[PDB]
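Here the structure is laid out as structure tokens; the discussion comes afterwards.
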Amino acid sequence: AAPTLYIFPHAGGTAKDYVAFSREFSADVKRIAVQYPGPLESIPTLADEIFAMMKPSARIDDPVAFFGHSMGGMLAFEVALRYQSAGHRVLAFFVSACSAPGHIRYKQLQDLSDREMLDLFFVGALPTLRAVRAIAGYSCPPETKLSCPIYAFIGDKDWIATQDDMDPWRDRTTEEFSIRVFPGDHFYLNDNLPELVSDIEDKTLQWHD
Ligand SMILES: [Ca+2]
């Protein structure tokens, strides 16, 4: 009777990084921050794992919504697709600082995890390098779409993800699409937390009943 929002963190991001984000929401929305298990993994296989653990947390009748920042955007989209095919009620999908899924698969994911030689044109760089491998191996067919509205959010000074690469998220939905630009870089949300959350909450409760 109260919608539940699933929070998908960025590559290297934990559920603890999204405590401040979740705190900004009122009691009208339930928040479940996903914690990732962590040259063997892809976005769809990780989404299959997340979906298996996540499905029992909400009843088939329960209204659910998804939020993803950066890599979390690709995973949240993939888990939302699985929820829809399973017959769940997906209200909306909120994608932040994440490019729209590409249609081709790049064979640059067969490089060794010691990409230090190729990167030099250390342990702290491993999570970012593993994400590049998962992103270059991630593709989605043009026909694969959600039947719920998509809300895109981007930072004006983000070079990793721009309005141009976030715009094709409109083709990943059968319904409404909206894109909002906030001042900031790849982690713009830290400085725009009240306005971003009030926007997500308003839209989640709007589609809820
Ligand atoms: Ca805050």
Side-chain angles (χ1 to χ4, degrees), residues 1-10 13 15 18-19 21-29 31-37 42-101 138-154 166-180 189 193 195-201 203-208:
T4 148
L5 180 81
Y6 295 104
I7 304 149
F8 284 75
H10 55 280
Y18 290 80
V19 163
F21 175 84
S22 180
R23 221 154 108 77
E24 285 288 342
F25 287 92
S26 84
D28 292 329
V29 174
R31 291 89 65 192
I32 297 164
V34 315
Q35 185 75 257
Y36 304 134
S42 69
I43 303 291
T45 56
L46 181 58
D48 286 326
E49 258 205 66
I50 297 163
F51 177 64
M53 308 157 183
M54 253 181 60
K55 205 189 152 86
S57 103
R59 296 170 86 148
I60 198 93
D61 12 295
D62 290 350
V64 296
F66 295 85
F67 172 81
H69 182 76
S70 199
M71 190 140 98
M74 294 308 207
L75 285 162
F77 175 64
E78 284 292 324
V79 178
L81 287 162
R82 282 148 176 86
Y83 261 73
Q84 285 208 323
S85 34
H88 283 263
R89 210 191 164 228
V90 189
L91 298 173
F93 168 56
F94 308 92
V95 59
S96 173
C98 176
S99 293
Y138 178 62
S139 74
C140 208
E143 62 268 18
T144 317
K145 298 178 192 184
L146 278 169
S147 61
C148 69
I150 297 183
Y151 297 94
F153 308 99
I154 191 240
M166 279 208 76
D167 269 334
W169 271 114
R170 65 179 136 249
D171 298 313
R172 320 305 322 204
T173 186
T174 241
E175 302 293 291
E176 299 93 344
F177 179 75
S178 182
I179 185 149
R180 192 176 172 182
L189 72 161
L193 219 57
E195 273 279 83
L196 172 77
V197 165
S198 89
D199 220 7
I200 295 161
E201 192 171 327
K203 301 296 177 188
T204 308
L205 295 167
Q206 212 280 130
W207 294 108
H208 175 60

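Just so it is clear, the values below take in all heavy atoms, side chains as well, and ignore hydrogens, waters and symmetry mates. By convention here, the first residue in the shown sequence is residue 1.
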*How close do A47 and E78 get, heavy atom to heavy atom, and via which atoms?*
CB-CB, 3.6 Å
_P37 versus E49, closest heavy-atom pair with distance_ = CG-OE1, 3.7 Å
*Answer yes or no: is there a side-chain heavy-atom contact under 4.5 Å between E176 and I150?*
no
*Mind checking whether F66 and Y83 have parallel, tilted or perpendicular rings, split at 30° and 60°?*
perpendicular
_Could you measure the distance from the CG atom of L193 to the CZ atom of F25? Nearest 0.5 Å is fine._
8.5 Å
_Restricting to non-hydrogen atoms, name the atom on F21 and the atom on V197 that form the minimum distance, rounded to 0.1 Å._
O-CG2, 3.4 Å
_Atom of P9, atom of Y36 and distance for their closest heavy-atom approach_ = O-OH, 2.7 Å
*Looking at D28, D62, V64, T204, which one forms a side-chain contact (heavy atoms from CB on, under 4.5 Å) with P3?*
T204
*Measure the spacing between OG of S139 and CD1 of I43 and express it to the nearest 0.5 Å.*
11.5 Å
*Give a yes or no answer on whether the side chain of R31 reaches the backbone of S22 with a donor-acceptor pair at less than 3.5 Å.*
yes
*Is the shortest heavy-atom distance from the side chain of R89 to the side chain of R59 under 4.5 Å?*
no
_Just verifying a value: how many Å separate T45 OG1 and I50 CD1, rounded to the nearest 0.5 Å?_
9.5 Å
*asked:* Please confirm whether the ring centroid of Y151 lies under 6.0 Å from the ring centroid of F94.
replied: yes
_Is there a side chain to side chain contact (heavy atoms under 4.5 Å, CB included) between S57 and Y6? Walk through the geometry before answering._
CA-CA 10 Å; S57 103; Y6 295 104; 2.8 Å; yes
*asked:* Between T173 and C148 (side chain of the first, backbone of the second, donor and acceptor by atom type, cut-off under 3.5 Å), is there such a pair?
replied: yes
*First locate atom CD of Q84, then atom OG1 of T174, and finally report the distance between them rounded to the nearest 0.5 Å.*
9.0 Å
*Is the closest side-chain heavy-atom distance between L146 and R172 below 4.5 Å?*
no
*Does a side-chain heavy-atom distance below 4.5 Å link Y18 with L189?*
yes
*Please round to the nearest 0.5 Å and tell me the distance separating atom CE of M53 and atom CD of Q35.*
11.0 Å
*Show your working on side chain to side chain contact (heavy atoms under 4.5 Å, CB included) between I60 and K55 and close with a plain yes or no.*
CA-CA 9 Å; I60 198 93; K55 205 189 152 86; 4.3 Å; yes
*asked:* Within this structure, what is the CG-SG distance for the pair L75 and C98, rounded to the nearest 0.5 Å?
replied: 9.0 Å
_Trace of the side chain to side chain contact (heavy atoms under 4.5 Å, CB included) decision for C140 with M74_ = CA-CA 10 Å; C140 208; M74 294 308 207; over 6 Å; no
*Knowing that exactly one of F153, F177, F77 qualifies, which makes a ring-ring contact (aromatic ring centres under 6.0 Å, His included) with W169?*
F77
*Contacts of type side-chain hydrogen bond (donor to acceptor under 3.5 Å, both in side chains), residue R170, not counting sequence neighbours*: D167
*Any idea which heavy atoms bring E201 and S26 closest together, and the distance?*
OE2-OG, 2.6 Å
*asked:* For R180 and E195: C-alpha separation, side-chain torsions, deciding distance, then whether side chain to side chain contact (heavy atoms under 4.5 Å, CB included) applies.
replied: CA-CA 11 Å; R180 192 176 172 182; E195 273 279 83; 2.8 Å; yes
*Looking only at heavy atoms, what is the nearest atom pair of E175 and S147, with distance?*
CG-O, 3.4 Å
